[PDB]
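In what follows, a structure is listed as structure tokens, so that the remarks can point back to it.
2 protein chains.
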Amino acid sequence: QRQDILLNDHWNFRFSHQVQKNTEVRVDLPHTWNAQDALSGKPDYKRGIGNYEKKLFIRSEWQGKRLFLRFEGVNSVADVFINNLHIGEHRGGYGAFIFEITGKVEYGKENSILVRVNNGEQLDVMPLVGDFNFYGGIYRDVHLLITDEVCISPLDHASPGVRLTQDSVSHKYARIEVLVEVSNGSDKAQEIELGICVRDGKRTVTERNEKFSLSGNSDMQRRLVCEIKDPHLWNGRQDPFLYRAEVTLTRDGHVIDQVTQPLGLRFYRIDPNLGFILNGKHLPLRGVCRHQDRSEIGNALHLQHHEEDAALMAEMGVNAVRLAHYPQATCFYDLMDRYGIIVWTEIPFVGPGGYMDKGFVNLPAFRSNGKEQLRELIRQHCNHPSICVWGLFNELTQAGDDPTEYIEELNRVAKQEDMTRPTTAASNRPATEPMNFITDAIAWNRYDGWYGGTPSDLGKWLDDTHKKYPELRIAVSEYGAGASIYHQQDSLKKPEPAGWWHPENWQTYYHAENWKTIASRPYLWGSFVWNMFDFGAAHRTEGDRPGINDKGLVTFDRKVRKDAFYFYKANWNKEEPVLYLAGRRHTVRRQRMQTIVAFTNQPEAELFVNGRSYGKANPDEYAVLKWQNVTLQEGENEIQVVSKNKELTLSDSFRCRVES
Amino acid sequence: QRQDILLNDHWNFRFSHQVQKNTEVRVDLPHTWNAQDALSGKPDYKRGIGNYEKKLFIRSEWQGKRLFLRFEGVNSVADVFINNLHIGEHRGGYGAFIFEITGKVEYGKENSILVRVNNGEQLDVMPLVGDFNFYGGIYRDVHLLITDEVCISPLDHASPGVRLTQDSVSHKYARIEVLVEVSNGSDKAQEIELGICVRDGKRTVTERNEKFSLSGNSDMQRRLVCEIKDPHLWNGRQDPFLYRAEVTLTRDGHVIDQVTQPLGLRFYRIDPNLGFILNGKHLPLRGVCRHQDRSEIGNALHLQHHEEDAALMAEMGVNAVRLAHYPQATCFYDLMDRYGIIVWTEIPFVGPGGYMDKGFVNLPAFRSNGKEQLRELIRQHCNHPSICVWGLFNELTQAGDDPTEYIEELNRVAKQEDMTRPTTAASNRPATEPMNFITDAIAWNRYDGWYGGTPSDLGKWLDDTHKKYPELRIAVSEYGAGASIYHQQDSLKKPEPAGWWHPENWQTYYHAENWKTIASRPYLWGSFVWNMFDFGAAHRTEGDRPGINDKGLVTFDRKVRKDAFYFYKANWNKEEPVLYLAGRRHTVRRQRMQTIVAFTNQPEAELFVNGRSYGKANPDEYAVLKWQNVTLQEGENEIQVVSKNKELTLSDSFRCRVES
Ligand SMILES: [Cl-]
Ligand SMILES: [Cl-]
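Chains as they are written, first to last, in the entry's author numbering: chain A, 26 to 685; chain B, 26 to 685.
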């Protein structure tokens, strides 16, 4: 009944700095204008105003309906015009936002949609700093909504208008409360029927409907309640079961409007000594971090790109994700729902880390806008079963303008919006700083063995902190190491992090030792690898090219899994057979005697070097096969590893050459 | 006992516009400095001088041996220095070159190689213009060669020092004339023995040997003639058999130097009416072109990039390739040797096409340099069996400085170097121009149905040219149409080539019509798709991003095969099963009525639309399955095709949305 029309095709664009006429060029949404300058490594890429114009014919039959323009993302600040009259402004690059254009168009005519987008710097719109790209543009989809004059309202913070809250969840019973925004845009009072039907496919599981009166040009909220006995729980990747919940408005029979949403029922708690308990059973959060960009296109992502990023994490055995450092797309939360991957999602309250300036500036506009951004985050995505914590900052400092007061304010805003999920944060503060003690959970970013030290520093630090504050729920927000797939060398030696040489073997070593450190500590409720993918950061000058943070387990184009990916796949994915030699891309070696390493989830593998066996071996606790003192021969070599397990015979091999 | 040592590791690099004392950064060859600016679509990318400096310890134990630095490719003009003294210059960006440093180095001590590289514009070093990128730098490997003082010389145009000329080849008998460059670098005359041993695996097919004395500080060119009764012919992709031919130098019973080269025996001819005939059988040349670049790295390619490029053509059923527009890597020629893919390779005498300026400036240095580039091509790559024609130019114009005489000179030079291979060229000249009649075979670049006109124009023009000049050997050297994989619509509609809109469905239509035209004309000895892959051309402003020529059948990162790829693969690859729905990336459609099209090499296949069967169908002569008047649903559809040929059931499917 209700209509949702994609508006991405054929816009006109120009930069306000192109001040002459006839300078517009065709673009097609999604779109950023920084996919070339920023990705090329230019730190001063284009940050300012871009102008999108669309011609949209408003049909006559649409008069008497209600028309909305929903934007799923526009970085950073957007001003919307209909036939060149301002209708609204939205400040924030990552929440969806909406405007009703029912009273603003000429029915039966072409009309003009004009979106003036600014991604230039501000001190009053988070994020203010960050180790990533602030791609400017309409980089997510744009939709025309047409509904009945009486509808389930899409206007409240661009939420769906249906909000599904879970309490009393057990293996035996669950209670769901359903908050519905209903809007009467007619001049007449209406007697409507409101109904909720929760379904398993096409089988009704529960159902309640309600008749009530609503005056003209008025909206009110309705909160229905229903129950499910012996509910089918959403249980992570073991069984990511999903009800669909349909809320309908009815009038004289026949549906007049409909909204459907996912319902995944789960209970869980974060235990200071046991970690994360999902539906009564402990669950390691084997996590990675993910940014929303890609090679060549920046953050103008299409559906298939989200799907592919999800598939690669699923393949590696990921069961948790931190979506850094901002609200991300509905269809990615969808995929995490459907795969059973637990989600940490946060507002863009990002501090400087090792860089300059601040993530917090004590401006009324900044503080206020931040609260609206956190309110957008929760109201737009709270229905997703995969979301399990709400994150409030990444790497703020207490020096200069101190955000501790404001963070406490944000924490309270989160609880007003959602009591059912803990808050968390990603800190790089000494443990004594108050801001580590506000959120329900806390976590630190740690690079022991990359930005200085050795991996053993990590377990000591975490052990000490867990001892001094026994009630903290500690996790590793970030840990990782740079790696170019074209940087190879025989020996493990710690590269300079800020230089043009990130040899792949050190990333491998780093994650091996670090996962060992994490896996020995059950008090950590999760760990999150920085990062799943290389991602654009235009100011970086390191690795094999500028403009890239190269700590991904997979390359920026999603083409090449680095060695470390297969290390995590050996450990985390016990379903697909894995047998993978490390260092296949080290193809020109200077030593004759080497240490060979493979990763497997098989019980046993045997190494062969020019057909000459070097023995069977079993992986250690963390899936690592290792043969020291393997003599290669001058010139060409072939290195093959083989494993048999009943009918399952696996093989991996590569070639290489030794010079001197 | 000969030594070959890669020098790609850790060079110091700085531009000469960086004037200050410590501005050097680390690079690792292969290297270009235009990986970021040119591929970003900046038309004025850095064209000028950069400087590479390498410190090399010259072993004490190397005195008494000879030492060579061989560069496989430095774009454009190189100046090599040892210990900051000048030792030579090379003008040309695409041919190997070598410099002996035996007498320039201080033995037992650390020595410094400096390479000053210039890709700034010149009017006297082809190529002067071109629809592609002039990536500066040492973008190919650098080798230090260490040989006995008496050696098989690597000095003559950086050749291998062994030329295998096939002077008479048949199914019964083959004569091969071997020319070996020998050099006595010592100051005493020397009695050496020369050996050539032609092997099939470990088996000696023929051997030939001779003794002589050579004087000190002296070179001479030895010729040995070999026969092979009933030779095993390199027969393209049906049987790309390769003999190994190893050349040894011997002194007092011991081998002191060796160079091994590939030998594939074949005979062929180009018939004006019959096309290309390989070892007696007519072979249609199913061909594509290929530039030597790739996303993110530019032309600084590694071996795996070459290998993947070649696997992609092989998968598609390519059997011929035009390497445009310049001499390419030995590594890649070796792949075509092994795959059986016939190779057209050309010097970079490239004209302006639809752009400005000139391929040819009548300067004496331009002319002599061109002759040296053509000698480098033939002498370096002559041994590769896959190479079958030599190209002399691409889209020169007779207006202004007329190159026609100079082309006659070039043709003469080619024949001085190789009487076993015909010469060809790629013209955009009306057939009446004399420059179409110099080379033995000719070919035109035609874009009928992209740069104006319809595809059927192509056959009309071909047939007419064929009829007027019945002794010309005509091929189609380019034909193509751009496509973005992100640009989709419902109707076939000719886009504007220079505009920001290249819908994928036109390229599909274009190649299906032009293959039909080409496939019907046996007088075309070959046809070459422009292009196998999207490639860098900074000046370009079309498709979905600037700086890209998007006529590739496969995208610039080699991740996504466009629809047309599968059209060729269904026609050309008959060994792997193909069942491929066209249009899968057109996910949002505006019209419920559709024509569903699929490519297959299977006998028949059944279309299902939302489980509803639209009956079985058969491919056409060009492997196209088509179902007319297919009726889709509003909202989500699913489209699936199935083929069974027991024992083989194949399936392909995709999801789109209809939204009027
Ligand atoms: Cl801060
Ligand atoms: Cl010219």
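Where is the CB? At the ideal position from N, CA and C, for every residue including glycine.
Exercise. Tell me whether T464(B) counts as near ligand 2, meaning its Cβ is closer than 8 Å to at least one heavy atom of that ligand.
Key: no
Exercise. Provide the residue span of the beta strand (DSSP E) that contains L487(B), from first to last.
Key: Where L487(B) is concerned, there is no enclosing beta strand (DSSP E), although the alpha helix (DSSP H) it sits in stretches over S481 to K493.
Self-check item: Cβ separation of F560(B) and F157(B), assumed to be a contact under 8 Å, to the nearest whole Å
Solution: 6 Å
Quiz prompt | Beta-carbon contacts of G155(B) that lie in its chain and below 7 Å, excluding the five residues immediately before and after | solution = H350 and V375
Practice problem: Using a cut-off of 9 Å between C-beta atoms, extract the partners of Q45(A) located in chain B. | Solution: Under the 9 Å cutoff, chain B gives no residues; its nearest Cβ is about 17 Å from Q45(A).
Quiz prompt | Closer than 5 Å: residues whose CB approaches a heavy atom of ligand 2 | solution = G376(B), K383(B), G384(B), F385(B), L421(B) and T422(B)
Self-check item: Continuous alpha helix (DSSP H) assignments of at least 4 residues falling wholly in the segment 582 to 669 of chain A
Solution: Runs of the alpha helix (DSSP H) inside the segment 582 to 669 of chain A: 588 to 597.
Quiz item: On the three-state DSSP scale, how would you describe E371(B)?
Solution: strand
Quiz item: At a Cβ cut of 7 Å, what residues of the segment 600 to 628 of chain B count as close to chain A, listed as they run along the chain?
Solution: Those residues of the segment 600 to 628 of chain B placed with their C-beta closer than 7 Å to a C-beta in chain A are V613, ordered along the chain.
Quiz item: In whole angstroms, what is the alpha-carbon distance linking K236(B) and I217(B)?
Solution: 6 Å
Quiz prompt | Cβ distance (whole Å) where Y77(A) is taken to contact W36(A) below 8 Å | solution = Indeed, because the Cβ distance is near 5 Å, the residues count as touching under 8 Å.
Exercise. Let me know the secondary structure DSSP gives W259(B) once reduced to three states.
Key: strand
Quiz item: Hey, would you say the C-beta of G425(A) is under 8 Å away from at least one heavy atom of ligand 1?
Solution: yes
Quiz item: Cβ of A60(A) less than 9 Å from any chain B Cβ?
Solution: yes
Self-check item: Enclosing alpha helix (DSSP H) for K396(B) [first to last residue]
Solution: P389 to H406
Practice problem: Sort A354(B), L421(B) and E434(B) by Cα distance to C407(B) and report the nearest one. | Solution: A354(B)
Quiz item: Quick one, which residues of the segment 554 to 570 of chain A are near chain B if we go by CB-CB under 7 Å, in chain order?
Solution: Considering only beta carbons, the part of the segment 554 to 570 of chain A lying closer than 7 Å to chain B consists of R570, in chain order.
Exercise. Grab the span of the beta strand (DSSP E) containing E216(A) for me, first residue to last.
Key: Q215 to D225
Self-check item: C-beta atoms of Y639(A) and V622(A) nearer than 9 Å
Solution: no
Exercise. Run down chain B in chain order and give the residues with a C-beta less than 8 Å from the C-beta of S320(A).
Key: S320, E321 and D582
Exercise. Give me the Cβ distance between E97(B) and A121(B), rounded to the nearest whole Å; I'm assuming they're in contact under 8 Å.
Key: Distance from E97(B) to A121(B) at the Cβ level is roughly 5 Å; contact confirmed, criterion being Cβ atoms closer than 8 Å.
Exercise. Output yes or no for whether 9 Å exceeds the beta carbon distance between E661(B) and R617(B).
Key: no
Quiz item: Which chain A residues sit within Cβ distance under 7 Å of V50(B)?
Solution: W525
Quiz item: Helix, strand or coil for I322(A) per DSSP?
Solution: coil
Exercise. Within the same chain, show all residues whose beta-carbon is closer than 8 Å to that of residue 697(B), passing over the 5 residues directly before and after it, in chain order.
Key: In the structure displayed, chain B extends from 26 to 685; residue 697(B) sits before or after that span and is not available.
Quiz item: Does ligand 1 have a heavy atom nearer than 8 Å to the CB of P455(A)?
Solution: no
Self-check item: Reduced DSSP secondary structure (H/G/I, E/B, other) of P571(A)
Solution: strand
Quiz item: Nearest chain A C-beta to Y511(B) closer than 9 Å, yes or no?
Solution: yes
Quiz item: When the distance is taken between beta carbons, is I573(B) closer than 9 Å to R565(B)?
Solution: yes
Quiz item: Short check: CB of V250(B) to CB of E206(B), under 9 Å?
Solution: no
Self-check item: Classification of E521(A) by the beta-carbon crowding that lies within 10 angstroms, buried from 16 upward
Solution: exposed
Quiz item: Once you ignore the five residues that flank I403(A) on each side, which residues in its own chain have a CB closer than 6 Å to its CB?
Solution: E442 and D443
Exercise. Note down the Cα distance separating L180(A) from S243(A), rounded to an integer number of angstroms.
Key: 13 Å
Quiz prompt | Cβ neighbours of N436(B) in the same chain (closer than 8 Å, five flanking residues each side left out) | solution = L417, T448, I463 and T464
Quiz item: In three-state terms, what does DSSP make of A354(B)?
Solution: coil
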